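Single chain ahead, written as structure tokens, the form deposited in one PDB entry.
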């Protein structure tokens, strides 16, 4: 739709190392999730994530995040303005701007663990298998 409001954060998932930082977006009205893998939490990683999320879900009206450096930076402020997307920040875990994405963090990590163990991976997923496993987890949660 034309009035989406997203919540975005980062969560660490060592099953996906070396690119173990998962950037996670939930669309607040639909609950759809987009997830991407990153080697580090940086302003540019957030921006790469949102570029992917726009290609999957469409362009949102606003994004809610916490007040960490990758969200409060001049870089990210300009990227969001470039796209015409509004942005509000708050404290880590604030229920208003972040509780839904915290729940998606946990749903994703549980699903990644179940799929991985099912394929016989009890610890880190082999690098060559990670992309398809992450995409299967996203498919499964969105169904």
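Superpose the two forms; the largest set of C-alphas matching within 1.5 Å is the rigid core. Residue numbers count along the first chain shown, from 1. Residues that one form lacks are left out of the comparison.
Of the two segments examined, 84 to 92 and 48 to 56, it is 84 to 92 that shows the higher average Cα temperature factor in the deposited entry. The PDB entry reports B-factors from which the mean C-alpha value can be compared for 65 to 73 and 107 to 115; the larger average falls on 65 to 73. Within the listed group 122, 16, 133, 24, the record reports its top CA B-factor for 122. Sort the chain's modelled residues by C-alpha temperature factor and residue 30 lands in the highest third, per the entry. Among the modelled residues of its chain, residue 98 has a C-alpha B-factor that falls in the highest third, as given in the PDB entry. Compared with the other modelled residues of the chain, the Cα B-factor recorded for residue 3 ranks in the highest third. Residue-level temperature factors show residue 141 in the highest third of its chain, judged at the C-alpha atom.
There is another form of this protein, the form deposited in another entry, and it is not shown here; the text below is about that form.
Residue shifts between this form and the one not shown, rigid core superposed: of 51, 99, 91, 86, the only C-alpha displaced by 2 Å or more belongs to 91. Comparing the forms between this form and the one not shown on their core, residues 1 to 3, 90 to 97 form runs of at least three in a row where every Cα shifts 2 Å or more.
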